[PDB]
Amino acid sequence: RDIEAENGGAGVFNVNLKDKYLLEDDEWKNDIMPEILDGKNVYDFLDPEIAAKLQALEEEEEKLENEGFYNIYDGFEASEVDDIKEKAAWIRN
Amino acid sequence: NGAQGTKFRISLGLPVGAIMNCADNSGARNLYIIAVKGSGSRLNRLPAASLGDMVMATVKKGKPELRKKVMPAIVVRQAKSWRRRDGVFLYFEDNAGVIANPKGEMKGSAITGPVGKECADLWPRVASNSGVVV
Amino acid sequence: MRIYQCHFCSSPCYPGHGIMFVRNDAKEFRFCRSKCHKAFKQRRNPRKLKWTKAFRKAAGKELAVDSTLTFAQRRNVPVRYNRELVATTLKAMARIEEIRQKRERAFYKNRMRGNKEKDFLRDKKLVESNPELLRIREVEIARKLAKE
Amino acid sequence: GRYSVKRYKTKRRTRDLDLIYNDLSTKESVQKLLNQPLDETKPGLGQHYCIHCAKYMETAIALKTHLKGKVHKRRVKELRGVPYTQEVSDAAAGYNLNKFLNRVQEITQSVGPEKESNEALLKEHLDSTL
Amino acid sequence: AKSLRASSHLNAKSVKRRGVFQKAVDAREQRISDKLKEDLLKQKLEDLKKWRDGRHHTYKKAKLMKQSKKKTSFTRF
Amino acid sequence: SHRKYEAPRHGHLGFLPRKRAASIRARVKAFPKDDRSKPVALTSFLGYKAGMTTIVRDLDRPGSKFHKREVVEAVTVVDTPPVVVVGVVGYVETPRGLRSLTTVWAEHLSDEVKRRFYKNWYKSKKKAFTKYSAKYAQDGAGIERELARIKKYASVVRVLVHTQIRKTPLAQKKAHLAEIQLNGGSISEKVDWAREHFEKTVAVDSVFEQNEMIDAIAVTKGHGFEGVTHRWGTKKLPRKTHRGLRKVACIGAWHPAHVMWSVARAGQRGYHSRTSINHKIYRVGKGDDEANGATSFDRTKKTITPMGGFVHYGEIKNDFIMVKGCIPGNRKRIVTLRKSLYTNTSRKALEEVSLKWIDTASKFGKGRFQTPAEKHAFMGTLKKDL
RNA sequence: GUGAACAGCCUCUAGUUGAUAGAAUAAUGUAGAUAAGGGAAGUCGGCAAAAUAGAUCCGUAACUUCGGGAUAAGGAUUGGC
RNA sequence: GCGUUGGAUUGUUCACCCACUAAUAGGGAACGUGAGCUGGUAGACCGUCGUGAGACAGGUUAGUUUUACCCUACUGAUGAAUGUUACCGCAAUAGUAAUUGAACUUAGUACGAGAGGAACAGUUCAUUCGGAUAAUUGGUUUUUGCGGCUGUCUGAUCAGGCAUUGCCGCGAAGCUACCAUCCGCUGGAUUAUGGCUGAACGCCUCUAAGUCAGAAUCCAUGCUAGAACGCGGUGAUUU
RNA sequence: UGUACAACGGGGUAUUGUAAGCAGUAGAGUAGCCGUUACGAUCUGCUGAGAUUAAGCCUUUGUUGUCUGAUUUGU
Ligand SMILES: [Zn+2]
Ligand SMILES: [Zn+2]
């Protein structure tokens, strides 16, 4: 009430909803949390244990990269195949 | 007066001569009659309002003890396309009605179905009698 | 601010976009546009319409289950706001999107392999079908090369 | 245009198959709606109420002719599978996958055959009384 | 109600203006002048990367003489 | 007789005559009053209107019911590339009005302003300011004499500037020219400022900044010959009335002998010159720095220009001003931004607006994606890719 | 050919392609059509418009000159293979 | 200066009834013969009268005037001639617009036995009106854009034609809605009234000479047009 | 006679809703042949495919072509 009286009256005084909050570090009082990134929302991806699940994800991806995951017909050599292809394209046109 | 807060603007859906639903078990089924409080005065224009707006009404269907009797109360659902000042347009399944005294206090004691966010914020006893907001 | 998903198209519904409908069960149905809204009104089945994501995921198009798709869980129990944790999440999201996009491209490759064999067999049947046009092709090529 | 505008108004809005699924799920829900005490306002005075097609008929024979029809079979063939909730709509987009999959396996294990047996009891009850 | 041109409301506004609003209005002027001067200095830095006696006399005397022959002059008769 | 039922007028008699404006570029009819205590400052700026868009804001408005709550709002975007100074005018006081007694131009000028002076540019020899450039010889006796004339007399000083239409995607090739007043003090210092500023540019950051209430003066979107009902707002007669129903039936019972200037007839609707005041700037964005459309809350690198560009306009490759709401004029026009003519005693002109998000979706339809990367990621790989 | 049908819609034979033309697409009109939510608050007056409409089945009140009322009313359906 | 409503009632209304509202004030420019648009002669029936034809103390019902293309006024739109052409401007004159209610706080204070219960200053939003606008929502579809449906015709498939835009669904762009959004001010002189000094009239007196405040009023700032016979400054001036 | 102008095309954006053609055994059953073949609304796959995309959308290192006709004006 009196801090209001000091700064400015009821309809002018902008209270900081912060300054009451309880944190590990106090120097970060005037920070902001990002809400939206490219398409996603931060609140959905934000867990305390995300770096470990990301480590597991990277382990899995590196296993697949070593595996065969990211990787002519007999009778016709290659130019025969191209000849057949161009003849068929000509026929359709 | 009776309401807590300012005259805020949300689109109009309910002109005079509109029968809307009551789902509480005070006894009524329907609400019709004329009047809207805080309505303007313009030639040829209908009194029509919402925003948890208070209106005069009669029971067209219900118990005879409260038929034939004019009464005030408040819109809680509209079914027109209203805009929230926080993003999206809202609209309900239907119109809904329900009953009170001029101070905003209800004749009934509980509400069925959803009630509008701004209607409950404007009328306290609706928020106490409502179990379902939005 | 939030980014909701259309009840029909499973598409993002940004602020100031779309319409919301509030059923009597106190349940919200928000749509990306009047197309999906009107389909809902007409009581169409989005699992039968080919331009949704539900049809795709149910049919076996672009994949439904993966480790990449578990991170966007909704969270009803919050945390103390560590900005270090925020910064880690910001990089994590970008990395996860690359990984998911690569796996999606791989799924599409797995689906669309076996098409060039079919196309080649089509062309083989056609050319072995229709030789009488190949004579017109031969004579016209010869005429042109003798012309030039 | 006029057909869609004047059929699918929110005034003339019907009862959202999700809820019909949740109603045909359990015993007490189906028995309540089969009992349905005498209401002066309802078309059939309560009784003769189809739950799949959430509709009050006048009489038992009007129920018979409704059940011997493609309008009933449309709904029963629509209501066999899962009901397409927002859970499905967001799991498609990559959002609350595990909730959707738990719901799916829950229906596949528990709720599915529950509702199927309830429907079969409903059908032989109606065919026996009618 | 009290109109826009009501003396009391205008006096209240007059009392408010000299205070919290004119300070905010005057700070912006100093800020924008400080920006205006730098937008000159940067242009200079980029540059350093490399009677009225002619015709007014005749035209005016001719106009005055046309005016004095046609008698179409405002001051002269 | 006494009409039996009072009702307000239909239309405003101050916005008359409802005729076509005499110029596409509306003319500024009043600049703020000068205070000779304060630094030298431009009173106005020029810009080109480029569509509209939508933003979300975090509102610290005490007393309101969105205090500490989020609010979606429309905004207008004006392409405001830097403005070039080319001249000075001095306006002496008289007991008839204000009179211009001399105008001084710069040494070198651009093909744009020369095109403005010309009307068939592709045939001319382009001989516009040759003798003036010659008058800019060794000492510039004439130039200095007229400048000293302006310092001595003339009372108030305006500056002739032009735009850099070359920078916009607009297909016009011809710049606009405008007098913009200098509102600092010391006429000598005004003239010195202009003398030093010839052939040099003034950006919009050097005339405006955030949280400022500005006025837009423009011309409003001609629709053509229109009738009573849509041009004044009258009722419609019920149906199949005689000689039609989209008009005023009559004047009543009583008998005049003339038709008045007050009885709401047909004619031109639009292309009127309008002055709409008190629009709050939300962003002064710059082309040099990408991520204009991004925000402290978003951190999603993108410029304000939506996917597929604006409609009937291109991309914003230049400095821009974002204001809230609806200004007069349509896209691809010339608007003048003036600053407010009076100190505003509303807290609206004090609140430091903070944005959370800007909509960069397509306006060529129902836009669902802010970026083509988002579109790519959602749609997934197509047939054409691989 | 559809269909109960010399109805309405398309076509074969035979006949015609005649009625001052061209360019734009302002208002007001003439002839039509659609419209959120509310649904007769309009107006002297529901004028006009809308809605209903074919065929199969169920079912059908008062009154009655016993012949009717009656397609009373009110309800379930209609494709393709 | 600004506003002064929505409806019920035709066995009728030279009016009344209940509601909303800040309020629901009265009148004129027609009715000082007769003048927008809309309700309130010919045929027929009942009643009174009449020998009768018919009339009426009545009552009921049905029942074709059709400008403006002329002058003026009004609204918008061009335009000759004042060395030519072009650009930037001034502002005489004319018009002018904003309005009302509620809410926080002041304060459960002043005031009051109690019951009850204000206001200035500081703030927020809405009603009526006006002017713009199209980011979003909704509407609109000859984009005849996409798809589908009935009947028929082109031998079937494909691709199409016809059904006075054939019908159904979605439908961008454009237009558009307090059905969407935005915006809408500040100086001087005054009325009533309250006063200062002060005679008339050896007291006294707001007044007689002088003089301070003061109303949504007046005049201006601001907004709109710009005198086509009002004006200025400025650029080029013909192989 | 130029980062000139236009007609085409390319890219992006948006609207619609998965083209023509070919194949399968997925297909209520019916016939023939000693389980198998023919018919078969429809379903599945190549296929968010195919079509349209300025006429008052954005963009363009492409191809092709075009750029001195008429009249009038003096302080
Ligand atoms: Zn959708
Ligand atoms: Zn059913």
# chains A, B, ... in the order shown; residues from 1 in each chain; ligands from 1
>>> interface_residues(of="chain F", to="chain B", cutoff="9 Å", atoms="only C-alpha atoms", output="JSON, numbers by chain")
{"F": [5, 6, 7, 8, 56, 65, 66, 69, 70, 71, 72, 73]}
>>> residues_near_ligand(ligand="ligand 1", cutoff="10 Å", atoms="only C-alpha atoms (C1' of nucleotides) and all ligand atoms", output="list in words")
residues 5, 6, 7, 8, 9, 10, 11, 12, 13, 18, 30, 31, 32, 33, 34, 35, 36, 37, 39, 40, 46, 51, 52 and 53 of chain C; 89 of chain D; 368 of chain F
>>> interface_residues(of="chain F", to="chain D", cutoff="12 Å", atoms="only C-alpha atoms", output="ChimeraX atom specification")
/F:377-380
>>> interface_residues(of="chain D", to="chain C", cutoff="8 Å", atoms="only C-alpha atoms", output="list in words")
residues 4, 8, 9, 85, 86, 88, 89, 90, 91, 92, 93, 94, 95, 96, 97 and 98 of chain D
>>> interface_residues(of="chain E", to="chain I", cutoff="10 Å", atoms="only C-alpha atoms (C1' of nucleotides)", output="MDAnalysis selection string")
chainID E and resid 59 62:63
>>> interface_residues(of="chain D", to="chain H", cutoff="12 Å", atoms="only C-alpha atoms (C1' of nucleotides)", output="PyMOL selection string")
chain D and resi 1-5
>>> residues_near_ligand(ligand="ligand 2", cutoff="10 Å", atoms="only C-alpha atoms (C1' of nucleotides) and all ligand atoms", output="PyMOL selection string")
chain D and resi 49-57+63+66-76
>>> write_last_selection(atoms="N, CA and C atoms", output="PDB file, in the first residue's frame")
ATOM      1  N   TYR D  49     -35.660 -45.934 -27.513  1.00  0.00           N
ATOM      2  CA  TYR D  49     -34.515 -45.046 -27.695  1.00  0.00           C
ATOM      3  C   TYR D  49     -33.349 -45.869 -28.223  1.00  0.00           C
ATOM      4  N   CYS D  50     -32.893 -45.547 -29.431  1.00  0.00           N
ATOM      5  CA  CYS D  50     -31.685 -46.154 -29.966  1.00  0.00           C
ATOM      6  C   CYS D  50     -30.473 -45.372 -29.487  1.00  0.00           C
ATOM      7  N   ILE D  51     -29.450 -46.106 -29.042  1.00  0.00           N
ATOM      8  CA  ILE D  51     -28.282 -45.496 -28.417  1.00  0.00           C
ATOM      9  C   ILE D  51     -27.185 -45.245 -29.442  1.00  0.00           C
ATOM     10  N   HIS D  52     -26.980 -46.176 -30.378  1.00  0.00           N
ATOM     11  CA  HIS D  52     -26.016 -45.984 -31.453  1.00  0.00           C
ATOM     12  C   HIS D  52     -26.369 -44.718 -32.215  1.00  0.00           C
ATOM     13  N   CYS D  53     -27.518 -44.738 -32.880  1.00  0.00           N
ATOM     14  CA  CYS D  53     -28.125 -43.527 -33.413  1.00  0.00           C
ATOM     15  C   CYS D  53     -28.937 -42.901 -32.292  1.00  0.00           C
ATOM     16  N   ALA D  54     -28.387 -41.862 -31.664  1.00  0.00           N
ATOM     17  CA  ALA D  54     -28.945 -41.356 -30.417  1.00  0.00           C
ATOM     18  C   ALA D  54     -30.294 -40.718 -30.693  1.00  0.00           C
ATOM     19  N   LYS D  55     -31.336 -41.545 -30.752  1.00  0.00           N
ATOM     20  CA  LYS D  55     -32.598 -41.112 -31.349  1.00  0.00           C
ATOM     21  C   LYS D  55     -33.771 -41.754 -30.634  1.00  0.00           C
ATOM     22  N   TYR D  56     -34.806 -40.960 -30.372  1.00  0.00           N
ATOM     23  CA  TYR D  56     -36.054 -41.472 -29.832  1.00  0.00           C
ATOM     24  C   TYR D  56     -37.035 -41.768 -30.957  1.00  0.00           C
ATOM     25  N   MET D  57     -37.422 -43.033 -31.075  1.00  0.00           N
ATOM     26  CA  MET D  57     -38.502 -43.439 -31.957  1.00  0.00           C
ATOM     27  C   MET D  57     -39.818 -43.345 -31.197  1.00  0.00           C
ATOM     28  N   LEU D  63     -38.838 -48.748 -34.001  1.00  0.00           N
ATOM     29  CA  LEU D  63     -37.498 -49.202 -33.641  1.00  0.00           C
ATOM     30  C   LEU D  63     -37.062 -50.361 -34.530  1.00  0.00           C
ATOM     31  N   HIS D  66     -36.139 -49.133 -37.937  1.00  0.00           N
ATOM     32  CA  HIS D  66     -34.882 -48.401 -37.858  1.00  0.00           C
ATOM     33  C   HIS D  66     -33.700 -49.359 -37.815  1.00  0.00           C
ATOM     34  N   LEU D  67     -33.808 -50.412 -37.005  1.00  0.00           N
ATOM     35  CA  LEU D  67     -32.704 -51.355 -36.870  1.00  0.00           C
ATOM     36  C   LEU D  67     -32.500 -52.150 -38.153  1.00  0.00           C
ATOM     37  N   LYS D  68     -33.584 -52.442 -38.873  1.00  0.00           N
ATOM     38  CA  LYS D  68     -33.490 -53.086 -40.185  1.00  0.00           C
ATOM     39  C   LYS D  68     -33.275 -52.003 -41.237  1.00  0.00           C
ATOM     40  N   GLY D  69     -32.116 -51.352 -41.157  1.00  0.00           N
ATOM     41  CA  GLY D  69     -31.813 -50.248 -42.046  1.00  0.00           C
ATOM     42  C   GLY D  69     -30.342 -49.899 -42.117  1.00  0.00           C
ATOM     43  N   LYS D  70     -29.952 -49.207 -43.188  1.00  0.00           N
ATOM     44  CA  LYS D  70     -28.561 -48.818 -43.384  1.00  0.00           C
ATOM     45  C   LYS D  70     -28.162 -47.603 -42.559  1.00  0.00           C
ATOM     46  N   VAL D  71     -29.128 -46.825 -42.072  1.00  0.00           N
ATOM     47  CA  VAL D  71     -28.799 -45.689 -41.217  1.00  0.00           C
ATOM     48  C   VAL D  71     -28.286 -46.178 -39.870  1.00  0.00           C
ATOM     49  N   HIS D  72     -28.821 -47.297 -39.385  1.00  0.00           N
ATOM     50  CA  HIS D  72     -28.292 -47.916 -38.176  1.00  0.00           C
ATOM     51  C   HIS D  72     -26.925 -48.532 -38.439  1.00  0.00           C
ATOM     52  N   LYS D  73     -26.794 -49.236 -39.563  1.00  0.00           N
ATOM     53  CA  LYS D  73     -25.563 -49.953 -39.856  1.00  0.00           C
ATOM     54  C   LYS D  73     -24.413 -48.998 -40.142  1.00  0.00           C
ATOM     55  N   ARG D  74     -24.707 -47.830 -40.718  1.00  0.00           N
ATOM     56  CA  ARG D  74     -23.726 -46.759 -40.837  1.00  0.00           C
ATOM     57  C   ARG D  74     -23.079 -46.462 -39.489  1.00  0.00           C
ATOM     58  N   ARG D  75     -23.908 -46.270 -38.466  1.00  0.00           N
ATOM     59  CA  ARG D  75     -23.382 -45.905 -37.160  1.00  0.00           C
ATOM     60  C   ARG D  75     -22.683 -47.068 -36.474  1.00  0.00           C
ATOM     61  N   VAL D  76     -23.223 -48.284 -36.582  1.00  0.00           N
ATOM     62  CA  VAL D  76     -22.560 -49.399 -35.908  1.00  0.00           C
ATOM     63  C   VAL D  76     -21.222 -49.697 -36.571  1.00  0.00           C
TER      64      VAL D  76
END
>>> residues_around(residues="residue 53 in chain I", least_positions_apart="5", cutoff="10 Å", atoms="only C-alpha atoms (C1' of nucleotides)", output="JSON, numbers by chain")
{"H": [143, 145, 172], "I": [13, 14, 15]}
>>> select_by_dssp(residues="chain D", states="strand (DSSP E)", output="PyMOL selection string")
chain D and resi 49-50+55-56
>>> write_last_selection(atoms="N, CA, C and O atoms", output="compact mmCIF listing (two decimals), in the first residue's frame")
# COMPACT_ATOMS: atom_id res chain seq x y z
N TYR D 49 -35.66 -45.93 -27.51
CA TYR D 49 -34.52 -45.05 -27.69
C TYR D 49 -33.35 -45.87 -28.22
O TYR D 49 -32.88 -46.79 -27.54
N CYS D 50 -32.89 -45.55 -29.43
CA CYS D 50 -31.68 -46.15 -29.97
C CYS D 50 -30.47 -45.37 -29.49
O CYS D 50 -30.46 -44.13 -29.53
N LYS D 55 -31.34 -41.54 -30.75
CA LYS D 55 -32.60 -41.11 -31.35
C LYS D 55 -33.77 -41.75 -30.63
O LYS D 55 -33.74 -42.95 -30.35
N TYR D 56 -34.81 -40.96 -30.37
CA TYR D 56 -36.05 -41.47 -29.83
C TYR D 56 -37.04 -41.77 -30.96
O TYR D 56 -37.43 -40.87 -31.70
>>> closest_atom_pairs(of="chain H", to="chain A", cutoff="12 Å", atoms="only C-alpha atoms (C1' of nucleotides)", output="JSON lines")
{"residue": "H:104", "atom": "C1'", "partner": "A:11", "partner_atom": "CA", "distance": 7.8}
{"residue": "H:105", "atom": "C1'", "partner": "A:10", "partner_atom": "CA", "distance": 6.2}
{"residue": "H:106", "atom": "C1'", "partner": "A:10", "partner_atom": "CA", "distance": 10.3}
{"residue": "H:121", "atom": "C1'", "partner": "A:9", "partner_atom": "CA", "distance": 10.9}
{"residue": "H:122", "atom": "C1'", "partner": "A:9", "partner_atom": "CA", "distance": 6.3}
{"residue": "H:123", "atom": "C1'", "partner": "A:11", "partner_atom": "CA", "distance": 4.3}
{"residue": "H:124", "atom": "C1'", "partner": "A:11", "partner_atom": "CA", "distance": 7.9}
>>> atom_distance(atom1="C1' of residue 69 in chain G", atom2="CA of residue 45 in chain D")
28.6 Å
>>> interface_residues(of="chain A", to="chain D", cutoff="12 Å", atoms="only C-alpha atoms", output="tab-separated table (two decimals) with N, CA, C and O atoms, in the first residue's frame")
chain	number	residue	atom	x	y	z
A	39	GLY	N	8.75	-24.26	-34.66
A	39	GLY	CA	7.35	-24.65	-34.59
A	39	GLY	C	6.95	-25.09	-33.20
A	39	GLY	O	5.77	-25.02	-32.84
A	40	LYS	N	7.92	-25.52	-32.41
A	40	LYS	CA	7.65	-26.22	-31.16
A	40	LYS	C	7.42	-25.25	-30.00
A	40	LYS	O	7.60	-24.04	-30.15
A	41	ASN	N	7.03	-25.80	-28.85
A	41	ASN	CA	6.85	-25.04	-27.62
A	41	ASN	C	7.82	-25.57	-26.58
A	41	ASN	O	7.97	-26.78	-26.40
A	44	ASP	N	6.90	-28.01	-23.53
A	44	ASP	CA	6.62	-29.42	-23.80
A	44	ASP	C	7.91	-30.23	-23.77
A	44	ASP	O	7.93	-31.37	-23.29
A	45	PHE	N	9.00	-29.64	-24.27
A	45	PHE	CA	10.29	-30.33	-24.29
A	45	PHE	C	11.06	-30.14	-23.00
A	45	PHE	O	12.09	-30.80	-22.80
>>> residues_around(residues="residue 232 in chain H", least_positions_apart="6", cutoff="10 Å", atoms="only C-alpha atoms (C1' of nucleotides)", output="list in words")
residues 98, 99, 100, 101 and 102 of chain F; 89 and 90 of chain H
>>> write_last_selection(atoms="N, CA, C and O atoms (P, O5', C5', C4', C3', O3' and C1' of nucleotides)", output="PDB file, in the first residue's frame")
ATOM      1  N   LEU F  98       1.355  32.847 -44.514  1.00  0.00           N
ATOM      2  CA  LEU F  98       2.777  32.560 -44.641  1.00  0.00           C
ATOM      3  C   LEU F  98       3.140  32.579 -46.114  1.00  0.00           C
ATOM      4  O   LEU F  98       2.415  32.020 -46.942  1.00  0.00           O
ATOM      5  N   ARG F  99       4.258  33.217 -46.429  1.00  0.00           N
ATOM      6  CA  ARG F  99       4.749  33.329 -47.792  1.00  0.00           C
ATOM      7  C   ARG F  99       6.146  32.736 -47.874  1.00  0.00           C
ATOM      8  O   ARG F  99       6.975  32.963 -46.989  1.00  0.00           O
ATOM      9  N   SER F 100       6.394  31.968 -48.927  1.00  0.00           N
ATOM     10  CA  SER F 100       7.735  31.514 -49.246  1.00  0.00           C
ATOM     11  C   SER F 100       8.445  32.580 -50.063  1.00  0.00           C
ATOM     12  O   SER F 100       7.932  33.031 -51.092  1.00  0.00           O
ATOM     13  N   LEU F 101       9.633  32.979 -49.592  1.00  0.00           N
ATOM     14  CA  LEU F 101      10.444  33.970 -50.287  1.00  0.00           C
ATOM     15  C   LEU F 101      11.725  33.367 -50.841  1.00  0.00           C
ATOM     16  O   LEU F 101      12.325  33.966 -51.742  1.00  0.00           O
ATOM     17  N   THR F 102      12.151  32.203 -50.355  1.00  0.00           N
ATOM     18  CA  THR F 102      13.174  31.503 -51.117  1.00  0.00           C
ATOM     19  C   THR F 102      13.336  30.049 -50.705  1.00  0.00           C
ATOM     20  O   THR F 102      13.436  29.708 -49.512  1.00  0.00           O
TER      21      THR F 102
ATOM     22  P     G H  89       4.710  20.005 -50.321  1.00  0.00           P
ATOM     23  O5'   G H  89       4.723  21.521 -49.845  1.00  0.00           O
ATOM     24  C5'   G H  89       3.528  22.196 -49.494  1.00  0.00           C
ATOM     25  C4'   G H  89       3.723  23.686 -49.531  1.00  0.00           C
ATOM     26  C3'   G H  89       2.590  24.522 -48.973  1.00  0.00           C
ATOM     27  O3'   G H  89       2.615  24.585 -47.558  1.00  0.00           O
ATOM     28  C1'   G H  89       3.367  25.457 -51.013  1.00  0.00           C
ATOM     29  P     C H  90       1.267  24.845 -46.724  1.00  0.00           P
ATOM     30  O5'   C H  90       0.954  26.382 -46.983  1.00  0.00           O
ATOM     31  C5'   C H  90       1.811  27.384 -46.461  1.00  0.00           C
ATOM     32  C4'   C H  90       1.313  28.765 -46.794  1.00  0.00           C
ATOM     33  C3'   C H  90      -0.085  29.093 -46.304  1.00  0.00           C
ATOM     34  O3'   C H  90      -0.073  29.531 -44.956  1.00  0.00           O
ATOM     35  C1'   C H  90       0.181  29.790 -48.564  1.00  0.00           C
TER      36        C H  90
END
>>> closest_residue(among="F:235, F:243, F:9, F:197", to="chain G", atoms="only C-alpha atoms (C1' of nucleotides)")
F:243
>>> closest_residue(among="B:74, B:20, B:56, B:12", to="chain D", atoms="only C-alpha atoms")
B:20
>>> atom_distance(atom1="CA of residue 116 in chain D", atom2="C1' of residue 79 in chain G")
29.3 Å
>>> atom_distance(atom1="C1' of residue 76 in chain H", atom2="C1' of residue 25 in chain G")
19.7 Å
>>> residues_around(residues="range 174-186 of chain F", least_positions_apart="2", cutoff="7 Å", atoms="only C-alpha atoms (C1' of nucleotides)", output="MDAnalysis selection string")
chainID F and resid 31 34:44 112:113 115:116 157:165 172 188:190
